[PDB]
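Going down the list, the protein sequences come from chains B and A. When the letters of the first sequence are read in order and numbered with the deposited numbering, they come out as residues 19 to 207, 211 to 244, 248 to 329. Sequential numbering of the second sequence, starting at 13, is according to the deposited numbering. Here a beta-carbon is modelled for each residue, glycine too, at the ideal position from N, C-alpha and C.
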Amino acid sequence: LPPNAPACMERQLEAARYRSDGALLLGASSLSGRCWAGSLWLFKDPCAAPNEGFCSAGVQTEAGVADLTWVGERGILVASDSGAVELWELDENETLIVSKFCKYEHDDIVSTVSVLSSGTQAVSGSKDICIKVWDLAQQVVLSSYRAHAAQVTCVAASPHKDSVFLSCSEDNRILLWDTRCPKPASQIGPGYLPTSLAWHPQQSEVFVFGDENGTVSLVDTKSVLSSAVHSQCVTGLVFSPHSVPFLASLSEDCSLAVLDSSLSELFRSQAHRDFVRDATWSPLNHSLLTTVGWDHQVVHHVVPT
Amino acid sequence: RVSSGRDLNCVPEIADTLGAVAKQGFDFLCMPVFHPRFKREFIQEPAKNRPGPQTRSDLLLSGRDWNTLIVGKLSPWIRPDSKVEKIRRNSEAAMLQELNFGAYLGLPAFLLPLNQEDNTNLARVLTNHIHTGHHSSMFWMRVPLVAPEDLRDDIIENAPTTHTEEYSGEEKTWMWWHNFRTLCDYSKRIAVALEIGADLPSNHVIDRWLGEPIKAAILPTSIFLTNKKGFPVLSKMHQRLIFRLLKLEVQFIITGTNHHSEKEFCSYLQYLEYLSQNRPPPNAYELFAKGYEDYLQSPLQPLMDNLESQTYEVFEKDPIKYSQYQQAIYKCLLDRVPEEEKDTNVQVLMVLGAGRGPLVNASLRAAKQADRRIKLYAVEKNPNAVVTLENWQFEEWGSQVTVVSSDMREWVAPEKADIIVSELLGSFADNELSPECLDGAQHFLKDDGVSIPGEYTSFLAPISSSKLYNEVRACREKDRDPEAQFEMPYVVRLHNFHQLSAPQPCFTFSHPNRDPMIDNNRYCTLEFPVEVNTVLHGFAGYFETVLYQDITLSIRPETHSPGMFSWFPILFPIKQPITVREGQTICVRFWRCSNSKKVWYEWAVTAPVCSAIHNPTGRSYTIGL
Ligand SMILES: Cn1ncc(-c2ccc3c(=O)[nH]nc(CN)c3c2)c1-c1sc2ccccc2c1C#N
Ligand SMILES: CSC[C@H]1O[C@@H](n2cnc3c(N)ncnc32)[C@H](O)[C@@H]1O
Numbered sequence: 019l020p021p022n023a024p025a026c027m028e029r030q031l032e033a034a035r036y037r038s039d040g041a042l043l044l045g046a047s048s049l050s051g052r053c054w055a056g057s058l059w060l061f062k063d064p065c066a067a068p069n070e071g072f073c074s075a076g077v078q079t080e081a082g083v084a085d086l087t088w089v090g091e092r093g094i095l096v097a098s099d100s101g102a103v104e105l106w107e108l109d110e111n112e113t114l115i116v117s118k119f120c121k122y123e124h125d126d127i128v129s130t131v132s133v134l135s136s137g138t139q140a141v142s143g144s145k146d147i148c149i150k151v152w153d154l155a156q157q158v159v160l161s162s163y164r165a166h167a168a169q170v171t172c173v174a175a176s177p178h179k180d181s182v183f184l185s186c187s188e189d190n191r192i193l194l195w196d197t198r199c200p201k202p203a204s205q206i207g211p212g213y214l215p216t217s218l219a220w221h222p223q224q225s226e227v228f229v230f231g232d233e234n235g236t237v238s239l240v241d242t243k244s248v249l250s251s252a253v254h255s256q257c258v259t260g261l262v263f264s265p266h267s268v269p270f271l272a273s274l275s276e277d278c279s280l281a282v283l284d285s286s287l288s289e290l291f292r293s294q295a296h297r298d299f300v301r302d303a304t305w306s307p308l309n310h311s312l313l314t315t316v317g318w319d320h321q322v323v324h325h326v327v328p329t
Numbered sequence: 013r014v015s016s017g018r019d020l021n022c023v024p025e026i027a028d029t030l031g032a033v034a035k036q037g038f039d040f041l042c043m044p045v046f047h048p049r050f051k052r053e054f055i056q057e058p059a060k061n062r063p064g065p066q067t068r069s070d071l072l073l074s075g076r077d078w079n080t081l082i083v084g085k086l087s088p089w090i091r092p093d094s095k096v097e098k099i100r101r102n103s104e105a106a107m108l109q110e111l112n113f114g115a116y117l118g119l120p121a122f123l124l125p126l127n128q129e130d131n132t133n134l135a136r137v138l139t140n141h142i143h144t145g146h147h148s149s150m151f152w153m154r155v156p157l158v159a160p161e162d163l164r165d166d167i168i169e170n171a172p173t174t175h176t177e178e179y180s181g182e183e184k185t186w187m188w189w190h191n192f193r194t195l196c197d198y199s200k201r202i203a204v205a206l207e208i209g210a211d212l213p214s215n216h217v218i219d220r221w222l223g224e225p226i227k228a229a230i231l232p233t234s235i236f237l238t239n240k241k242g243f244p245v246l247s248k249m250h251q252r253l254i255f256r257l258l259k260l261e262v263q264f265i266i267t268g269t270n271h272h273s274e275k276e277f278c279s280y281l282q283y284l285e286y287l288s289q290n291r292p293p294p295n296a297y298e299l300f301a302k303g304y305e306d307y308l309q310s311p312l313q314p315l316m317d318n319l320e321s322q323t324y325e326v327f328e329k330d331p332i333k334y335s336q337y338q339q340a341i342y343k344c345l346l347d348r349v350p351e352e353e354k355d356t357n358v359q360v361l362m363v364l365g366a367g368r369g370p371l372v373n374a375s376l377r378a379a380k381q382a383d384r385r386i387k388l389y390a391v392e393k394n395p396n397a398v399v400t401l402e403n404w405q406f407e408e409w410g411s412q413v414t415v416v417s418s419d420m421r422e423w424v425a426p427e428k429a430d431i432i433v434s435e436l437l438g439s440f441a442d443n444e445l446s447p448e449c450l451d452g453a454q455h456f457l458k459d460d461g462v463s464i465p466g467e468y469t470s471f472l473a474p475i476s477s478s479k480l481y482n483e484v485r486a487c488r489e490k491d492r493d494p495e496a497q498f499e500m501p502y503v504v505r506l507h508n509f510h511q512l513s514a515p516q517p518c519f520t521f522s523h524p525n526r527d528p529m530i531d532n533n534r535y536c537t538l539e540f541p542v543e544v545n546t547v548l549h550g551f552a553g554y555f556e557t558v559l560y561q562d563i564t565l566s567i568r569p570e571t572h573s574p575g576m577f578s579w580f581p582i583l584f585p586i587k588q589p590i591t592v593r594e595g596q597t598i599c600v601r602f603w604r605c606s607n608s609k610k611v612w613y614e615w616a617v618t619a620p621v622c623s624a625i626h627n628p629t630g631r632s633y634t635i636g637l
């Protein structure tokens with residue numbers, strides 16, 4: 019029950035991300051009821067989540083949390099229902115979560131946010147169909163790009179190229195970006214709408230994306249392997265931190281899947297009773313995999329390696 | 013005073029949000045009735061069993077506030093025309109759910125998007141909801157002037173933007189709307205919320221929406237410019253489009269976030285109020301015509317019907333019209349009576365259809381300013397108005413006026429007239445049977461006599477107006493042909509419409525008609541060049557008349573008598589809309605038909621497609637003799 023921490027956490031858990039030391043960051047939205055807001059949480063004990071009385075820090079946002087990500091070790095970057103991108107920062111003591119800035123640069127819900135290699139810039143995608151590049155230090159939009167023709171479902175920064183990132187949209191485009199190019203977007207070639218994206222951690226020009234029909238696909242920049253992993257939308261794809269990484273996939277089918285190099289299934293969890301929203305691998309125990317969903321559960325799966 | 017609303021996609025608290033939206037000066041709030049990210053499953057477990065509540069409570073606003081302040085919004089994940097079957101199913105169930113909640117709440121309107129070409133299944137679900145009870149709610153289809161694909165930044169290196177003109181392609185979103193409302197069978201509850209972008213399309217793209225049922229215009233904060241002082245404003249081209257929209261009295265909607273953070277948010281709205289206050293106030297006619305806009309009226313038949321008192325009043329409240337009659341008479345008197353005969357030559361003037369006396373007084377004023385002598389007869393068949401004429405004649409006119417209570421086709425005049433003056437014209441000129449009436453009176457005009465008016469000509473012009481088409485459609489009555497409403501003309505102050513070609517002359521009549529073989533039947537074929545893609549719904553009718561020499565009356569727009577209020581245009585509809593492409597010719601055919609008891613019109617389109625002959629044998633509409 020830390021100070022200025024809400025006594026109640028919203029039901030619909032939307033994000034979960036481990037940091038270096040293993041503390042767990044939670045993002046929650048209230049998607050029904052009188053008040054439609056959200057909240058941010060830090061659990062230095064990931065087994066105590068999502069219990070509010072045994073958290074390390076917590077704060078309320080003005081609106082819901084559609085996405086978030088760490089910015090280093092004390093920064094939290096939030097995509098808000100309000101159209102705004104927010105940055106919060108832990109205090110020196112890590113007992114409060116203070117707002118750093120709140121800029122209303124999108125004209126609709128901010129659905130997806132991603133921090134670039136340098137850790138000083140981030141990219142965001144919105145239902146307003148725009149993608150914006152942010153200078154977190156100057157708290158200003160550097161660039162605003164309207165490449166797509168419909169909502170932007172996912173943006174994902176390159177692991178090691180500070181000027182490269184992927185995006186996908188309901189216009190059925192997957193775009194590879196390189197801000198060094200006069201026209202910085204390139205279309206990566211009829212299928213079903215792309216819903217999720219994940220760079221390979223150890224391979225520069227390799228990524229995976231999920232579609233609205235349950236398919237997971239492995240793509241190279243230039244010549248395709250795919251598998252029906254889910255019976256509904258693929259909400260997210262998160263590679264493990266192993267030398268040869270595993271691939272965790274999430275779905276509105278309320279199941280978690282773990283796939284190998286060839287997209288074959290090694291694990292399957294049906295613990296959730298509602299949509300599975302995020303998955304984050306423990307930095308300490310590489311076999312443990314944490315998931316959160318709209319059933320308000322925080323599950324700790326042991327993934328057989 | 014502009015009626016404006018605020019568009020939000022994020023409402024943490026309804027009472028807080030509504031209060032803030034009103035303090036800024038808005039009249040209503042477009043907002044979601046379920047959280048726009050709260051995707052719901054209706055078929056597969058375990059997610060279909062997600063415990064509730066499924067959204068906010070109706071008890072958070074009073075019934076009046078739901079009824080008047082809230083416009084609902086379809087959740088954006090709802091995609092009934094998805095290519096994924098599971099998604100089409102859940103979207104169908106969800107769309108019925110949200111729509112039925114809106115109805116549950118009594119919302120005055122509900123917003124659904126047209127953001128792609130194929131909305132067949134969306135239309136099917138909406139049409140099903142519409143046929144599930146009898147409610148008055150409106151559906152605003154959010155459709156942009158310019159599709160997002162046609163305005164994206166040219167920043168894809170391997171998919172450049174088309175820089176070549178695609179006339180019809182640029183009109184694609186109008187086709188999104190046309191097909192949707194055609195599938196939904198022109199429901200009256202389905203209307204357009206036109207969304208305006210930062211760059212306007214070619215003018216023809218804009219004009220495509222003329223005649224359509226635009227109930228709202230949506231202005232993103234992204235399109236506003238910034239003046240020196242830092243306030244949001246609009247380009248001169250956008251201001252042009254705003255003014256056109258104020259003429260349609262649409263509701264304006266402000267969407268997006270505040271990008272002029274230096275100024276409070278009511279800035280955007282205050283600018284609209286600024287544009288609204290800046291425009292020519294009601295200019296007599298427009299001042300008076302407003303209220304009658306696109307209101308269908310049965311054409312008067314003063315021959316078969318006896319007009320009421322307040323109907324003559326409307327005729328009389330137009331001094332520019334009678335001052336023209338006075339000038340026509342003034343000039344005629346001087347051409348017929350040389351100065352040297354001014355005291356000996358008494359001209360016999362007959363007003364044929366005098367009503368309550370306006371021409372009689374104009375005739376008296378004319379003889380005074382002309383310094384000539386006249387002997388007046390005032391002929392009126394409506395005995396109710398003859399009451400007015402005879403109290404006038406006893407109280408003021410005296411013996412210089414002889415009131416005659418009779419039909420001018422039967423009256424046995426005691427002497428012949430030097431001038432007959434008449435006001436027997438309708439909005440289509442001859443549609444009250446002025447030719448038949450003046451032919452039957454000709455026998456008592458002198459051999460050199462003058463008729464005022466001396467000739468008249470009807471005009472026609474093709475028009476597009478899905479709004480007016482629907483208004484006619486809704487004129488079905490219980491005990492008659494269910495398509496009779498389309499086989500009859502209407503007098504109407506045409507407003508929300510698109511004129512498709514320059515009006516051209518139809519039927520002309522001259523008086524006196526010296527011809528020995530008088531036949532007032534008529535057959536005319538007209539060819540209208542059309543330079544736009546459009547839909548044909550009917551023909552606007554006007555007329556011009558020569559009162560004498562250069563003195564005229566006209567409601568034909570290009571020659572409209574300035575300052576004259578009398579006579580709205582007339583509308584001839586067609587049963588089925590006709591598609592017309594750029595560069596095609598509309599050929600229409602009109603007949604004027606008659607027997608001993610009735611006169612009527614029949615009409616037909618013969619290019620680019622044939623319609624049915626409308627009003628054959630006057631089965632739906634006749635004018636009584
Ligand atoms: C429906 N109808 N058909 C024909 C008319 C209409 C109008 C105006 C005149 C005129 O100033 N003079 N003579 C006629 C005929 N001879 C006339 C006929 C009308 C009417 S009722 C009316 C009442 C209030 C406002 C407008 C109108 C209006 C028109 N336009
Ligand atoms: C001002 S509208 C025309 C007027 O002419 C009158 N009128 C129309 N037809 C005739 C007719 N045949 N004989 C006499 N008055 C007529 C009508 O009753 C009305 O007052």
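Against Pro-244(A), what residues of chain B qualify as contacts under a CB-to-CB distance less than 7 angstroms, listed in chain order? Correct list: empty, because the minimum Cβ distance to chain B is about 14 angstroms.
Within 10 Å of its beta-carbon, does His-175(A) have 16 or more other beta-carbons around it, so buried, or fewer, so exposed? The Cβ neighbour count for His-175(A), taken over all protein chains shown within 10 Å, is under 16; the residue is labelled exposed.
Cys-148(B): which of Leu-218(B), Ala-168(B) and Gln-157(B) sits nearest, CA to CA? Sorting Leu-218(B), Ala-168(B) and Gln-157(B) by C-alpha distance to the C-alpha of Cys-148(B) places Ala-168(B) at the top.
Are the CB atoms of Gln-516(A) and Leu-538(A) within a distance shorter than 7 angstroms? Cβ atoms of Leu-538(A) and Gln-516(A): closer than 7 angstroms.
Since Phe-50(A) meets chain B, which of its residues come closer than 7 angstroms, beta carbon to beta carbon? What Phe-50(A) touches in chain B: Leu-49 and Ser-50.
Measure how close the beta-carbons of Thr-557(A) and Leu-565(A) come, nearest whole angstrom, since I'm counting them as under 8 angstroms. With a beta-carbon spacing of about 5 angstroms, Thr-557(A) and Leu-565(A) fall inside the 8 angstroms limit used to define contacts.
How about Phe-519(A) and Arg-505(A): do their beta carbons lie closer than 7 angstroms? No, Cβ-Cβ distance for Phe-519(A) and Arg-505(A) is not below 7 angstroms.
Using 6 angstroms as the cut-off, classify the Cβ of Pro-585(A) as near or not near the heavy atoms of ligand 1, replying yes or no. No, Cβ of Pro-585(A) sits at least 6 angstroms from all heavy atoms of ligand 1.
Measuring alpha carbon to alpha carbon, tell me which of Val-391(A), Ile-475(A), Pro-213(A) and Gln-497(A) ends up nearest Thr-591(A). Taking only the C-alpha atoms, the option nearest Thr-591(A) is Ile-475(A).
What is the rounded straight-line gap between the Cα of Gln-596(A) and the Cα of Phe-551(A)? Looking at the two C-alpha atoms, the distance is approximately 16 angstroms.
So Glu-448(A) and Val-611(A) are supposed to be a Cβ contact under 8 angstroms. How far apart are they, rounded? About 7 angstroms separates the two Cβ atoms, so the contact holds.
Taking one C-beta from the region 164-173 of chain A and one from the region 85-105 of chain A each time, how about it: are there three or more such pairs within less than 8 angstroms? Because the criterion of three Cβ pairs below 8 angstroms is not met, the region 164-173 of chain A and the region 85-105 of chain A do not touch.
For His-254(B), go through chain A and note every residue whose CB falls closer than 7 angstroms to its CB, in chain order. Ordered by position in chain A, no residue passes the 7 angstroms Cβ test against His-254(B), which lies about 11 angstroms from the chain.
Identify the continuous beta strand (DSSP E) that holds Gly-317(B) and give its terminal residues. Element bounds for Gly-317(B): 312-317.
Assigned secondary structure, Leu-315(A) (DSSP; H/G/I helix, E/B strand, else coil): DSSP places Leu-315(A) in coil when its eight states are reduced to three.
With H, G and I counted as helix, E and B as strand and the rest as coil, what does DSSP make of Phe-72(B)? For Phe-72(B), the secondary structure class from DSSP, reduced to helix, strand or coil, is helix.
Cβ neighbour criterion (16 or more within 10 Å) applied to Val-170(B): For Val-170(B), the number of other beta carbons within 10 angstroms of its own is at least 16, and it is reported as buried.
Measure the Cβ-Cβ separation of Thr-197(B) and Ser-181(B) and say whether it is below 7 angstroms. The Cβ atoms of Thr-197(B) and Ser-181(B) sit closer than 7 angstroms to each other.
From the beta carbon of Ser-204(B), is the nearest beta carbon of chain A less than 7 angstroms away? Closer than 7 angstroms: yes.
Same chain, Cβ closer than 7 angstroms to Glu-427(A), neighbours up to 5 away in sequence not counted: Within the same chain, Cβ atoms closer than 7 angstroms to the Cβ of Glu-427(A) are found at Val-360, the five residues on either side in sequence being excluded.
Per DSSP, which residues does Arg-62(A) bridge with? Please list them. Listed as beta-bridge partners of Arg-62(A) by DSSP are no residues whatsoever.
Compute every distance between the C-beta of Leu-157(A) and the non-hydrogen atoms of ligand 1, then say whether any falls below 6 angstroms. Relative to ligand 1, even the nearest heavy atom lies 6 angstroms or more away from the CB of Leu-157(A).
Evaluate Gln-405(A) with the Cβ neighbour count: other Cβ atoms within 10 Å of its Cβ, from every protein chain shown; 16 or more gives buried, anything less gives exposed. The residue in question, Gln-405(A), is buried, as its Cβ has 16 or more Cβ neighbours within 10 Å.
Flag this pair as yes or no: are the beta carbons of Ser-446(A) and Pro-581(A) separated by less than 7 angstroms? With contacts defined by Cβ atoms closer than 7 angstroms, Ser-446(A) and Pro-581(A) do not form a contacting pair.
Near ligand 1, which residues have their beta-carbon less than 7 angstroms from any of its heavy atoms, given in chain order? A distance filter of 7 angstroms between CB atoms and the heavy atoms of ligand 1 selects the following residues in sequence order: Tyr-304(A), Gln-309(A), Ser-310(A), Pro-311(A), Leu-312(A), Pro-314(A), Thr-323(A), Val-326(A), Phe-327(A), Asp-330(A), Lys-333(A), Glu-435(A), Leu-436(A), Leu-437(A), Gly-438(A), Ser-439(A), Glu-444(A), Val-503(A), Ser-578(A), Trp-579(A) and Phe-580(A).
Per DSSP, what kind of secondary structure is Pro-628(A) in: helix, strand or coil? Here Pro-628(A) sits in helix by DSSP.
Three-state class that DSSP yields for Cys-257(B) in the structure shown: DSSP, read as helix, strand or coil, puts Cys-257(B) in coil.
How long is the line joining the alpha carbons of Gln-381(A) and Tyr-342(A), rounded to whole angstroms? Taking the straight line joining both Cα atoms gives about 7 angstroms.
How would you label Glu-226(B), buried or exposed, when you count the other beta carbons within 10 angstroms and need 16 or more for buried? Looking at its Cβ environment, which holds fewer than 16 other Cβ atoms inside 10 Å, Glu-226(B) is exposed.
So, with DSSP's three-state summary, where would you put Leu-450(A)? It is helical.
Name, going along the chain, the residues of the region 293-310 of chain B whose beta-carbon falls closer than 9 angstroms to a beta-carbon of chain A. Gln-294, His-296, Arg-297, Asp-298 and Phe-299: these are the residues of the region 293-310 of chain B whose beta carbon lies less than 9 angstroms from some beta carbon of chain A, given in chain order.
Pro-232(A) and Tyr-280(A): beta carbons closer than 7 angstroms? No, these two residues do not count as a Cβ contact at 7 angstroms.
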